[PDB]
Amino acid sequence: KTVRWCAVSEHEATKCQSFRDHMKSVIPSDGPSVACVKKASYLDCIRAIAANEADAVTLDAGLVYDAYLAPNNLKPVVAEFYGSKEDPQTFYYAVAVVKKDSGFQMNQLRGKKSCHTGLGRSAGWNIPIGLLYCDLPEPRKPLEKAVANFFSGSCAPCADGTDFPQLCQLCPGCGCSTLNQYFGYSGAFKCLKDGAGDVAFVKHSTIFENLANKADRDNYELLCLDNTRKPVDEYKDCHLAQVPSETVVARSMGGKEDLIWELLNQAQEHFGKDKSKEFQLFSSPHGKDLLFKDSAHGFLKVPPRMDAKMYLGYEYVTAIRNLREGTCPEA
């Protein structure tokens, strides 16, 4: 009863190893176990699982779309939840963080340098670019090029740096792993902090995860859709959108989902939020959001009938779909 977890590169690899070793000490020998398979990007993890080389990997809802597509055909099986065990949230808010006093508003993002969690991810890409692409007087709608031209240099992890070097200007190569310091929610944040980009498309918990003190966080703001700015504390009324939970995907058939649930259930039971000091499934000295998001507080089993589209919902799938085809209101 072994679940082959897909770690994306070194840090994740290291956490996966500790995840395997610590589970071995709390799970009876006849229980689920963790086998660590290391890959270079989430995409490879998707391909590996589809090829029956790995069994599970956690993906942002946006990337759940990709995993679904044939010949992958993966499905969401266990979702992460946030907030607290006492008030679980299977969603989060996409926010546009900026430094206080940088002056620009949402409508003045053109020519700025942007930091994205990753190409095709909910908060760092789908939401912001979605609300942006069609308003573009410019019909360079094959997205990447249009975005590369809209902003004056960015970091969009997993974007093809060869065709669009503009998209990797802030993080040369657009590394698609935590080895790239500007990867993910917190990487995109560092990109802003360091002053490499003017804005960071991340989530409502991101700043709180990186800045322990209100005084420092006070030097940042959120860009609201009505072209005004709000304090990072007020994301409820200043966020770009509410997006679905990141989730663990598996093969639609022979995915070992049940075994996956067990592993993760028992895992949260022993090393969930604030359970143990010897191991934390939701944090690591090796980095942020390795394997699972630090903001997650546990997991929820996805209903058996749910395929990726039912999970993402009609509007999001349609949006992602139009996004990738540049389908815009009118034509």
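The first residue of the shown sequence is 1; numbering continues from there.
Taking the PDB entry as given, 142-150 carries the higher mean Cα B factor of the two stretches 142-150 and 123-131. Looking at 88-96 and 133-141 together, the entry lists the larger mean B-factor for 133-141, computed on C-alpha atoms. Residue set 114, 181, 213, 117: peak C-alpha B-factor at 213 (per PDB entry). Of the candidates 176, 225, 249, 170, the PDB record gives 225 the highest C-alpha temperature factor.
Among the modelled residues of the chain, residue 9 sits in the highest third by CA temperature factor in this PDB entry. In this PDB entry, residue 195 carries a Cα temperature factor that places it within the middle third of its chain's modelled residues. The entry lists a Cα temperature factor for residue 242 that places it in the middle third of the chain's modelled residues. For residue 317, the recorded CA B-factor ranks within the middle third of the chain. Only modelled residues enter the ranking. In this PDB entry, residue 279 carries a Cα temperature factor that places it within the highest third of its chain's modelled residues.
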